[PDB]
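Below you'll find the structure, written out as structure tokens, and then a few comments.
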Amino acid sequence: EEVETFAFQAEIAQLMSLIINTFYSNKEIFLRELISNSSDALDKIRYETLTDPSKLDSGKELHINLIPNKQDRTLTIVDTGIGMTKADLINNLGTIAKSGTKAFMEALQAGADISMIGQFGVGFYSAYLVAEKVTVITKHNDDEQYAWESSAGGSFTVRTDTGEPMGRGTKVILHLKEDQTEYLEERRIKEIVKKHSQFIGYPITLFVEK
Ligand SMILES: CCc1cc(-c2n[nH]cc2-c2c[nH]cn2)c(O)cc1O
């Protein structure tokens, strides 16, 4: 019931505004970036479980699932990585935090491809190349399950999630722009993923719709 609204740090808001309005054609990079983020979070929990096995009491499977839902026009990317506490969610998605966002925005202004975004640590925002709204549900061992959501415009919300319990991990729900529904087609997801899966050390499974 209690929803808190935050402003993105200015640089992020600037990045998002560019992203959400660009006609940049190679929009498929968003999937590579989300998968990469998932893989990084899976690395984190897996590492932590190397000295502390109870870390996986919330789930032993380490994987990434892709779930297209044509009826709801959403593509969902779920991982069983380390997850984010409320603080991590606000800091990570609402601020420049650990990234070279400023550096990236200068290189964008210098004729650099947006596909480089992952190299500057802000790859997540490429989701707005295809989505009008993104919801991020996450569960970290040390906190409750939270839902972050933003349709850009400069603000995002965070609330405790009353939805289906995740054991641990992060689920990114992309509410797709009307003209970007190719990303709910099995054949297109397969093509994009067939290309990146060889780099990711966790199973990536596409849920074909029935
Ligand atoms: C919404 C951005 C995002 C973050 C995570 C994540 N969860 N917990 C930690 C991370 C993370 C840290 N570094 C990269 N991803 C993740 O697992 C997937 C994602 O797409």
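Start counting the sequence shown at 15; every next residue gets the next number (the authors' numbering). Yeah, the Cβ is synthetic: ideal placement off N, Cα and C, and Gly gets one too.
* To do: Just grab the DSSP bridge partners of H189 for me.
  => For the purposes of this step, residue 189 is identified with residue 175 of the sequence shown, where counting begins at 1. DSSP, once it has assigned bridges, lists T88 and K147 as partnering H189.
* Within 6 Å: the Cβ of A55 and any heavy atom of ligand 1? -> Here the question's residue 55 lines up with position 41 in the sequence shown. For ligand 1, at least one heavy atom lies less than 6 Å from the Cβ of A55.
* To do: Would you kindly report the start and end of the unbroken alpha helix (DSSP H) that includes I110?
  => As a working note, residue 110 is residue 96 in the sequence shown. Here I110 belongs to no alpha helix (DSSP H), and DSSP marks it neither H nor E.
* Backbone CA spacing between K191 and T63 [nearest angstrom] -> Within the sequence shown, the letter at position 177 stands for residue 191. Within the sequence shown, the letter at position 49 stands for residue 63. Roughly 38 Å separates the two Cα atoms.
* Please report the Cβ distance between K41 and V144, rounded to the nearest whole angstrom; I am assuming they are in contact, meaning their Cβ atoms lie under 8 Å. => Your numbering for residue 41 matches position 27 in the sequence shown. Your numbering for residue 144 matches position 130 in the sequence shown. Contact holds; Cβ gap of about 5 Å.
* Inter-residue Cα distance where the pair is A166 and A27 -> Sequence index remark: in the sequence shown, residue 166 carries index 152 (1-based). Sequence index remark: in the sequence shown, residue 27 carries index 13 (1-based). Those two C-alpha atoms are separated by around 7 Å.
* To do: Measure the beta-carbon distance from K112 to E25 and round it to whole angstroms, keeping in mind my assumption that it falls under 8 Å.
  => Reading the sequence shown from its first residue, position 98 is the one you call residue 112. Reading the sequence shown from its first residue, position 11 is the one you call residue 25. At roughly 13 Å, the Cβ-Cβ gap does not stay under 8 Å, so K112 and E25 are not in contact.
* Asked: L80 by DSSP, collapsed to three states: which one?
  -> What you label residue 80 is simply residue 66 of the sequence shown in a count that begins at 1. Strand, per DSSP.
* In terms of alpha-carbon separation, which member of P82, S50 and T94 lies closest to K69? -> Translated into positions along the sequence shown, residue 69 becomes position 55. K69 has its Cα closest to that of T94, out of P82, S50 and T94.
* Counting along the chain, where does the beta strand (DSSP E) carrying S169 start and finish? -> Locating residue 169 in the sequence shown gives position 155, where the first residue counts as 1. That run of the beta strand (DSSP E) goes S169 to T174.
* What residue range is occupied by the uninterrupted alpha helix (DSSP H) comprising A161? -> Residue numbering aside, residue 161 sits at position 147 when the sequence shown is read from its first letter. No alpha helix (DSSP H) holds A161; the beta strand (DSSP E) holding it covers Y160 to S164.
* Beta carbon of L122: closer than 6 Å to some heavy atom of ligand 1? -> Here the question's residue 122 lines up with position 108 in the sequence shown. Because no heavy atom of ligand 1 lies under 6 Å away, the Cβ of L122 does not count as near it: no.
* To do: Check whether the Cβ atoms of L89 and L188 sit closer than 7 Å, and answer yes or no.
  => Counting from one through the sequence shown, the residue named residue 89 turns up at place 75. Counting from one through the sequence shown, the residue named residue 188 turns up at place 174. Against a cut-off of 7 Å, the Cβ pair of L188 and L89 comes out as a contact.
* Asked: Buried or exposed: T19, going by 16 or more other Cβ atoms within 10 Å of its Cβ?
  -> Here residue 19 refers to the residue found at position 5 of the sequence shown. By the neighbour-count rule (16 or more Cβ atoms within 10 Å), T19 is not buried but exposed.
* Asked: When the Cα atoms are used, what is the spatial distance from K84 to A161?
  -> Start at 1 with the first residue of the sequence shown, and residue 84 comes out as number 70. Start at 1 with the first residue of the sequence shown, and residue 161 comes out as number 147. When rounded, the distance between both Cα atoms is 22 Å.
* **Secondary structure of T152, DSSP reduced to three states** => Here residue 152 refers to the residue found at position 138 of the sequence shown. In the structure shown, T152 sits in a strand (DSSP, three-state: E or B).
* To do: May I ask you to list the residues that DSSP assigns as paired with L220?
  => Along the sequence shown, read from residue 1 onward, the residue named residue 220 stands at position 206. Paired residue(s): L80.
* Asked: How many angstroms separate the CA atom of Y139 from the CA atom of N35?
  -> By 1-based counting over the sequence shown, the position of residue 139 is 125. By 1-based counting over the sequence shown, the position of residue 35 is 21. Cα-Cα distance, rounded: 12 Å.
* Asked: Are the beta-carbon atoms of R60 and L76 separated by less than 7 Å?
  -> For this step, residue 60 is matched to residue 46 along the sequence shown. For this step, residue 76 is matched to residue 62 along the sequence shown. In this structure, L76 lies closer than 7 Å to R60 by Cβ.
* Anyone know if the C-beta pair for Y142 and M30 falls short of 7 Å? -> To locate residue 142, count along the sequence shown from 1; it is residue 128. To locate residue 30, count along the sequence shown from 1; it is residue 16. Yes; because the gap between Cβ atoms is below 7 Å, this pair is in contact.
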